[PDB]
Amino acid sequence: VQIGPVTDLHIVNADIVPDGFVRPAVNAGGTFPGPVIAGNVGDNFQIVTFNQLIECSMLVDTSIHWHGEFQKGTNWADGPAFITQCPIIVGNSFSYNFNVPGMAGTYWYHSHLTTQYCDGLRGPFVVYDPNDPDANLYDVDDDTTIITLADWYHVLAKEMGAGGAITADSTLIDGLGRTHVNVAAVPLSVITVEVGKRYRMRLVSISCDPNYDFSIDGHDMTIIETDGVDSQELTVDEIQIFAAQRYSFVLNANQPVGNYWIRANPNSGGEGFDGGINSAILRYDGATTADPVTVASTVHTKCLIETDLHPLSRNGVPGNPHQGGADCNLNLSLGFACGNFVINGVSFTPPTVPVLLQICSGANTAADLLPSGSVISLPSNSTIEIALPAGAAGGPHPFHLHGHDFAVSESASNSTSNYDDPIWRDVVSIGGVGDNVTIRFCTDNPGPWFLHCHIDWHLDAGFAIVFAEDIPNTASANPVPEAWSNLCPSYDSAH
């Protein structure tokens, strides 16, 4: 179902059994995944979130992030708890009111309090482009062509320990999938196609942790969009998709009428496809209603390599073509030790007063801001470079920056930088030990912006820092509504 751009979104508790195992959940809009929030580029989004949660086992507070939306001028609407807001308390509501100038494509939204998105609060967010340059490439782009991949857990998030290796208990494709252990024959999702039609498939990782090797038996996939950024056409037969990443790909329904497995193998949890785990069904209209008996290719000959992607627009790369070729160049020390992650020696632990409120209250420098050692100020209209060398305990870590997308100057498993035409995106795998994944952006968005691993279990274990972009202009750029000012008094009184 699609709702928006002006809509109510109620947040409730509900037991669900997507793999046949009933457990509690935290739901946005009453379903899993949450309904698709949609609009056209330049639309004003007004999302009235009603917190109706009662089950403390998963926290009755909440806060929602519109993942990959820049929120320029509306840093208050961004959603990360204790960075840009206090959580909304149960029985209250809050209006996330923002615009999406300049942006189109495939996004999602999720709880950004603690590990609550794992417990169910996650759904797709699509901004349609009435003049999409990729339009002519396909016949069908709508709610039936969105594909969510989701890790599902039988253990309540709050009780995951932590960390501590944590693994999912099944993979759900469009909200349905089978358990990894003691697999019950529960309903699988179906994606239906018509012989000779081309589909814009919107592949969305709403994962709390694993990356997926995604493929469709018998079929190619032509990537045209990556994390919101239009890409040149790239035909692959497999897609490794890390947590929070998105791809639009054209699926040409050119095979014989029949049933074909859709495969999503996670990097941890259940391996393979026995009994229909890690699976959904591509069915052609006219096929018999039965399980596919198809097989994956023994070897995928054109799997996605990030370095093969290029923006469709002439994005280029800001700054100078050598490492450090930026106004403010950073090299982050990313560590793990004794169950906690650190960025430049500091494990992130959320401050009592949100970073944005701290600034609005009169803080001027990163030194003035809590948590200590967890904030790096950036000056305005400057080219930033962030090298993010891997090595820290598994891994591979998908790093995400709020309020920005970014040129991936260097990708995983490949030590050659690209300063000409690398893909831009918002979530990037930093690869493996010895890698040096490097990103670049410009500071054109004053506000405190979260940079963290999108493995949610890693975020709760402290793998995050805040880029306090243009602290001096933050208050002026982001006027807040009274309801926002009301949040922290409410939260703090209730707790």
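All residue numbers refer to positions in the sequence shown, first residue = 1.
- The mean C-alpha temperature factor is higher for 90 to 98 when 247 to 255 and 90 to 98 are set side by side.
- Per the PDB record, of the two stretches 272 to 280 and 161 to 169, 161 to 169 carries the greater mean B-factor over its C-alpha atoms.
- The PDB entry gives the largest Cα B-factor of the residues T179, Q85, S215, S411 to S411.
- Within the listed group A184, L330, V236, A264, the record reports its top CA B-factor for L330.
- For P479, the recorded CA temperature factor ranks within the middle third of the chain's modelled residues.
- When all modelled residues of the chain are sorted by CA temperature factor, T31 is found within the lowest third.
- For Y138, the recorded CA B-factor ranks within the middle third of the chain. Only modelled residues enter the ranking.
- In this PDB entry, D78 carries a Cα temperature factor that places it within the lowest third of its chain's modelled residues.
- For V433, the recorded CA B-factor ranks within the highest third of the chain. Only modelled residues enter the ranking.
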